[PDB]
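What follows is a single structure, written as structure tokens, with notes after it.
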Amino acid sequence: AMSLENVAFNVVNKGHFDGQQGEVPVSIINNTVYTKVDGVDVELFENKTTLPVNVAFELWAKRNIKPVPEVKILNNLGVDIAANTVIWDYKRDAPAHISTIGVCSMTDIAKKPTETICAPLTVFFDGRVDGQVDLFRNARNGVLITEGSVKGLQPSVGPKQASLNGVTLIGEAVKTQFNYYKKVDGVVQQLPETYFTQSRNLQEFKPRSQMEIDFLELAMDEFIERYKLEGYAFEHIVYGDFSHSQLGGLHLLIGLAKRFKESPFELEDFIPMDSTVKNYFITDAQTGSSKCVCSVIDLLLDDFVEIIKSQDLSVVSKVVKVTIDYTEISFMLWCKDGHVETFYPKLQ
Amino acid sequence: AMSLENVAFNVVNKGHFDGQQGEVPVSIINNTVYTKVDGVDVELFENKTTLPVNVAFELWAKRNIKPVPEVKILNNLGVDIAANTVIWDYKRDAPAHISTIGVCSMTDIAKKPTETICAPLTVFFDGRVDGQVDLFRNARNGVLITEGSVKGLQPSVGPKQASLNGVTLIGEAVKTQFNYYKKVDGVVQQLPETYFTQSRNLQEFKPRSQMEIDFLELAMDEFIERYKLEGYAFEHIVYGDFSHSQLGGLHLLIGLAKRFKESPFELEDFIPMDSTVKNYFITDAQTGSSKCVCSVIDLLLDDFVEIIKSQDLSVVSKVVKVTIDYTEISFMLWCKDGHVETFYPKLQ
Amino acid sequence: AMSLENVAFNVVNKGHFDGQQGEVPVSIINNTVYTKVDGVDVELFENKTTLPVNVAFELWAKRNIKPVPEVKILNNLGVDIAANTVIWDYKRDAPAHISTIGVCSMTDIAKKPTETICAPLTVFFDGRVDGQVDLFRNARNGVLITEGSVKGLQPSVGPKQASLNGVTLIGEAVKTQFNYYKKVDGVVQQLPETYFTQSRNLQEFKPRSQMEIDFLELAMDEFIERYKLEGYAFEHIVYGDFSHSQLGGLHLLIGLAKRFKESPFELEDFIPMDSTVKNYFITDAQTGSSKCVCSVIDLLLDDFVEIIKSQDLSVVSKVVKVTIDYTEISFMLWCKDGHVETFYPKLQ
Amino acid sequence: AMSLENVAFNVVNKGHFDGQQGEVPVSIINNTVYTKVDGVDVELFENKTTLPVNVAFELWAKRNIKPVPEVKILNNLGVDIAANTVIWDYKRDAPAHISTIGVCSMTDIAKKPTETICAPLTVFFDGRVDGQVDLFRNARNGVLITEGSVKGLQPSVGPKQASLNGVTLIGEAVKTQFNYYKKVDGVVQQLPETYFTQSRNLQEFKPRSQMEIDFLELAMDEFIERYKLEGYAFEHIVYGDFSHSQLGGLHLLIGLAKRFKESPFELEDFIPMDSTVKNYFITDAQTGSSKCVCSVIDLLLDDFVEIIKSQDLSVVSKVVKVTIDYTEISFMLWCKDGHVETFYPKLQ
Amino acid sequence: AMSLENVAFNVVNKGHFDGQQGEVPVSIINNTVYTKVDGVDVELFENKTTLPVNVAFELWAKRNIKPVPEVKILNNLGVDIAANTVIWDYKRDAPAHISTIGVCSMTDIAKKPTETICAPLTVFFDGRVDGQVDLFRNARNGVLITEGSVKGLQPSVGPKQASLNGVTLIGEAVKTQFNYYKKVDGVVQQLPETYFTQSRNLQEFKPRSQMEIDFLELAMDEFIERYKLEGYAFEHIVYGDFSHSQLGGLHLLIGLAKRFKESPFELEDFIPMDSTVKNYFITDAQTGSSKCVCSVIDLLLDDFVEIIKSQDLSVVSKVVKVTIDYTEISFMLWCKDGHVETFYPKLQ
Ligand SMILES: COC(=O)c1ccc(S(N)(=O)=O)cc1
Ligand SMILES: COC(=O)c1ccc(S(N)(=O)=O)cc1
Ligand SMILES: COC(=O)c1ccc(S(N)(=O)=O)cc1
Ligand SMILES: COC(=O)c1ccc(S(N)(=O)=O)cc1
Ligand SMILES: COC(=O)c1ccc(S(N)(=O)=O)cc1
């Protein structure tokens, strides 16, 4: 018995949809769902999606509340749809996928992922759910996560962090590092070697290596000396050049995090979505240096050093391709006289 | 288990709410309710009310589908709320009453009319429903309709016509003439002797007596002669003066009906509600004669003749009270030398 | 270069999208598209769909303006999507199909119907367009219409009438009768022998045979006698029983047409979509007889007589399957002593 | 003290804004204005404009309720704004002009037309209002209407008809024929000799000369003979060619009127504004003949005959300029061997 | 080729409008512009303006991204419109001006500021744009900013700070201090001597003089002693009196900034716009002292001291006028026995 008033009952009483029975009074005004509590209306949900308000309300209530892969990982692996769950995209306040399987009548294309309409779609399977590993084994196209080994399949070790109710974290009381498996046209793929973005914040950035601790703590000249980074243009790429009207470089999050301590700056997230490479229209408050499209990536500084130290520095400009978050990220590498000039996620 | 999807199920399968088990998928976008039928969205209801879209949808679905009093009658009798039903105002596309009793969890102020919140409210009771004559006896305030005699209760014979799903009709396969009863502060009230308006249209007006057949068919001069109406100014009051820029008189619907068969005219229904006296901004298409506030009433011409001839014609101006549709309707009577000049519903 | 302003340019200058170069200024406010004409805003389109306003505007502008099958036909044949055109559902003021193929970047699931996403979908092909007969041959699922013979393909002769810009007509200056073909899972399907509904209105109903001319003109008794219909209960089924509170029978449009010339009645089209069998909440204005779910179908009276006379009249009740508009329509047949009691489209 | 509640008071009590003291309670929800009447909300106004709901409500309430020029006339004369009144465009349900002068605090660009902001704008002046003839004399740009002679000002006799509360009529109890005057850059302009469109409808078309009575009554052959119209192609231009898939000709309203009495047809008014030449997407219900852009004009048939016979028939194609409603209307004239092939308003 | 989809292309790919060619899919739901990225809708822009959503979207995309004068300066100088740019009002999330010149078709009153409609309007000219100084020379009314001297015109030196993408800053890598020039009716004006507001924040307030450093660092008694401010009522005016139910004084931002460190308070910005004098409904959290209209100005404390020390302290109350941000700010000065009682931006 699926209904608007029962979904709202579950939200009010269980904090999300929990399969409980019961009903509460609901009123819907424009894009907002209210419920009556002692004669006054209380807001339960504001639709920020392009779906009908009652549809989005139900999908949000039925969101996965376990640690799930970040949306960028699912997108990079080509996931089209989830099996009997909703991956909620907290960066868009919207479902991560258009349709559902066995979740909501208005958005379901099927009740079970074994139905034929699901066969060409890359379905996300959660090994922590009973029988979903076996469903993946029979699936034509799909992506599977597990916490342990799967007999007969070589795993791909994913990122340490996952998303729990919109909080990206490395789990201490829960497991957030999953084994990844992917199947195309019934064939189990080898997932490529990949770096992983670290998914940290500008405001509350925490280092995850001794080099990152040293980058935040030491001065620019001292750090570049200690780790022998002369000629790699970290002054431009990581620390940022604020001397001209266009902001120079500043493509690594830890470089923004170090600057954000001393003086703040404005980042306009003009494509607000989860993606491996993020683009911002940045304005430095202290100097007035700005840049319309500033690509930023949060790589472990050790990984970024390894990437840039593993490149031929002998051509003026060329495309450098790096597998990050299971997708191919193109970089532009500019060199002169054997040293790095700039190195940025390519704007294409 | 009341729910949006169950209400929509009943509408789709039974034409209205019928207490049936079932659910269909529903999407709400702005003020409209849709349901999925074979892949595409079909409109079930457009909210024209000031209530939330899903609330109004339920009240419309639970509308009374038996012949019920016209809203102007219930208004004139001071009805505030209905006992366990919804009187739908088809002229406003909205519930006739703000609140409900045992109908909808969002608008209910009580489950049963015996709850003390209902005592100071005039509750409409339907004697055709089991136990509601008794509920009227026990109610502090109320209006009761019955199809027959209630022992000890002095009846008031209501109008011949009632409203069935927005259609105003004199019932043949159903009864539409009711006994009316009213209680104020626990005390049954004597309802006044009254005329009743005829509730006809301008498009499909039909006479209901020999005098009305005469009016529509005879010219103005021979009708006034046949029914001895000289000095009563039907030339102004009923037939209408279109010679000057301000339209003169034209306050009986039958007069508008006669003119409409010859030349059309525009009626700006600037307060579009059911009421005994209706006001329109009228523009005559043929002559350009117009009037901003032209009050119109549909009395049987026999009745109107009986009212205007009952009058003392020896004062210049006076207010004339007439009981119509159980409410007191003030007229203005202007006379000169023992003949009527004008006689119109007094604009308040 | 597809754009909102270009679509509006085509609407303003060519009456619809015509692939022309140009732009006009457009303002969007709520669900309405306006364009500036000499200083003031003029309404071009009001979105009655569940799609975004600018998306629906484009699909409406790109609607098929040739005679096309009525939506109920395409629905009965299981059509999910159209090949490189938009079938506009004028009864819903919305696209007949959720998605498009090579029409609009926001609704397109493919550019050409050969893309594998289109294979499991029944694609509508128009043989009047170059290359689409071939695209039908190569499609896994599809429905094809042609104006003439396709070599080797066994045709099904469609209805005489088609829809031209929302007008249902039998073409004289254009052809509206098509050959129909259907494919399921790569295999051409034999379309069943079928009757076709006549797609007429209650306002402007016109007979299409001597028997229908007889029905509209003769009284009930002499028509039943002339066409030997005693014991088949046209008194109930076709003419309608208005004596009781529940309206009896009245399931043929021609029967509603006869009654409408005498007294009007209200038809609540509570599922306003094109379908072979239509359901209405009907209220008879003259008598007050009414019915919540009154199924109505517009069969040529000759056909309906041929169907009801084909029936075994020796069982109390049984389901009677009739193929109409290519779909199987279940009727309920109630008999007594070798005469028909009632025969109506079975409410599901 | 201008206010929303005062404007609503005037609408409720006087049918429009009448400068009266008073207030009634108002609720605004989405684009609709409601007022409380005996416990329930009644709709006073639905905003169909691109202005805020309360702003449009005030402008509609302050609309001119005297006979005023039709919007196409004011448009053709280049009017941008009205002096101390609102010309309501009933065909757009919106103000005819973006801004106001001394009408509404939200739309006012000035309190009086003498303010210098009004100088470069063509201001409409109503000589029936005290002092506005003088304001026209002092205005840099303007259009003036009067009911009589203005000393020294050479008049232009306007059309017989005007608009009274959305009703277009030739006044009998009021005057609707005005003298027209126009000023550009402080200099009075000579208005051109012009025909006037008749502003009739397709539903209620009525002839206005013996020739038009002949057209509606006679068959095509005897009318063409009686009025010596052989070789002028009224068979195409006025009567309409419905034999081919593209509808041929049919550019005079009287021709559409004749056809409509026989078989109906659909007119898609895809630019729904008042204009001298109207464009429609037309579909003939009988034949299926259709045309995407069918320009229609309502000239008195006498005038149209006088125009087409004035023409040199010795060129293959040429643009023909005719002054109608004070604006220059380009026609296309196609001839062959001294006879007319087609003559239509040139699509721009 | 100006279009919605191309504006969105520029936003997605260049962070703002950059004249690039290309199109992306766009959907518009209520007041929000979305674009499709890999099958999911991503929000690009939420309309907070009173313009149509697609119009505001285009103007925001075309905003000036160079350091521009703060909106209060432009308003105080009477700027009506900008020449070939959009000044975006980040405090209102709306365009700073109603109309545009050569920016957007829906809002343009002209393509070039030399057109006659621009002559009476005070047009903003940016000397950093080629040929705009010369356009100012020929402009009837206008305001010009430059970074260097203009031959033949005496400059007015503006504030040190300007707005870069909504960030008010004193430019270090860009120039934010402009020369100001103004012309009324073709005559170059002398701009008056003026103080400038400092445009600082409550949260991150930074001193700009040794006296301001001392005010933040020293105690009240110590500071008033060091700078000999006895009798000027800085205890009331600048430090604030929180001992009574009405908050006393507190009209200088640096006084709020000092208090906000120790204990916070609520400021309601009930007219949220850029203005030289700001009014707040303030509630002190620590004490509960509050004031409905508390005018606040951010003057350099040295400038505020100079202003108050340059006044006659001998009358009970009088209006003190000070030129700030090129506009005349009225102050109320209250004195008793030769010392200051209060001194506040006059609430009028
Ligand atoms: C300043 O921009 C960021 O705060 C940011 C955060 C995370 C990432 S990430 N994990 O996609 O590389 C990229 C950028
Ligand atoms: C033009 O005015 C009417 O159409 C009208 C109809 C009915 C009534 S009524 N039933 O209140 O008397 C009053 C006025
Ligand atoms: C009152 O009901 C109708 O007006 C109606 C019209 C047409 C059809 S149809 N073309 O499906 O048979 C069915 C019903
Ligand atoms: C079908 O087209 C019309 O109904 C129509 C009416 C009036 C005019 S008009 N007054 O501009 O000449 C033009 C066209
Ligand atoms: C508490 O109020 C403020 O934060 C504030 C900031 C700036 C200005 S200012 N530059 O207009 O004078 C005025 C007030």
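We count from 1, first residue shown onward.
This deposition comes from X-ray crystallography, 2.1 Å.
Every residue gets a Cβ built from N, Cα and C, even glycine.
Lifted from Swiss-Prot, the feature list:
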type: ACT_SITE; residues: D:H236; note: active site, proton donor
type: ACT_SITE; residues: D:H251; note: active site, proton acceptor
type: ACT_SITE; residues: D:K291; note: active site, for uridylate-specific endoribonuclease nsp15 activity
type: BINDING; residues: D:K291, D:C292, D:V293, D:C294, D:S295, D:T342, D:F343, D:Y344, D:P345, D:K346; note: uracil binding site
type: DOMAIN; residues: D:3-63; note: domain 'Nsp15 N-terminal oligomerization'
type: DOMAIN; residues: D:64-189; note: domain 'AV-Nsp11N/CoV-Nsp15M'
type: DOMAIN; residues: D:206-345; note: domain 'NendoU'
type: SITE; residues: D:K291; note: site 'Transition state stabilizer'
type: SITE; residues: D:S295; note: site 'Uracil recognition site'
**OP:** Would you kindly give the Cα-Cα distance separating D:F343 (uracil binding site) and D:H251 (active site, proton acceptor), rounded to the nearest Å?
**Re:** 9
**OP:** Sorry to bug you, but what's the C-alpha spacing from the residue listed as 'active site, proton donor' to D:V293 (uracil binding site), rounded to the closest Å?
**Re:** 16
Subject >> All-chain count of other Cβ atoms within 10 Å of D:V293 (uracil binding site) >> reply: 15
Original post:
So for D:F343 (uracil binding site), how many other CB atoms are inside 10 Å of its CB?
Top reply: 23
Original post:
Taking the residues D:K291, D:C292, D:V293, D:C294, D:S295, D:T342, D:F343, D:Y344, D:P345, D:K346 listed for uracil, what is the greatest CA to CA distance in Å, to the nearest whole number?
Top reply: 17
Subject >> Integer Å distance between the CA atoms belonging to the residue listed as 'active site, proton donor' and D:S295 (uracil binding site) >> reply: 13
Original post:
Which residues, sitting 6 or more apart from D:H236 (active site, proton donor) on the same chain, put a CB under 8 Å from its CB?
Top reply: D:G248, D:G249, D:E341, D:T342
Subject >> DSSP-derived structure type at D:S295 (uracil binding site), helix or strand or else coil >> reply: strand
**OP:** Going by DSSP, give the three-state secondary structure for D:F343 (uracil binding site).
**Re:** strand
Original post:
What are the DSSP helix, strand and coil residue counts for the domain 'AV-Nsp11N/CoV-Nsp15M' (D:64-189)?
Top reply: 16 helix, 41 strand, 69 coil
**OP:** Go through D:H251, D:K291, our active-site residues, and report the one whose Cβ sees the most other Cβ atoms within 10 Å.
**Re:** D:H251
Original post:
For D:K291 (active site, for uridylate-specific endoribonuclease nsp15 activity) and D:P345 (uracil binding site), what Cα-Cα distance in Å is obtained after rounding to a whole number?
Top reply: 14
**OP:** Check each of D:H251, D:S295, D:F343 (the recorded positions) against chain C and write down, in sequence order, those whose C-beta lies under 8 A from a C-beta there; write 'none' if there are none.
**Re:** none
**OP:** Sort out the sequence-distant neighbours of D:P345 (uracil binding site) for me: same chain, 6+ apart, CB within less than 8 Å of its CB, listed by position.
**Re:** D:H251, D:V277, D:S295, D:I297, D:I329, D:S330, D:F331, D:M332
Subject >> DSSP three-state assignment for D:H236 (active site, proton donor) >> reply: helix
**OP:** Pull the DSSP breakdown for the domain 'Nsp15 N-terminal oligomerization' (D:3-63) and write it out as helix, strand, coil residue counts.
**Re:** 20 helix, 18 strand, 23 coil
**OP:** Using a 10 Å cut-off, grab the number of neighbouring Cβ atoms around the Cβ of D:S295 (uracil binding site), all chains included.
**Re:** 18
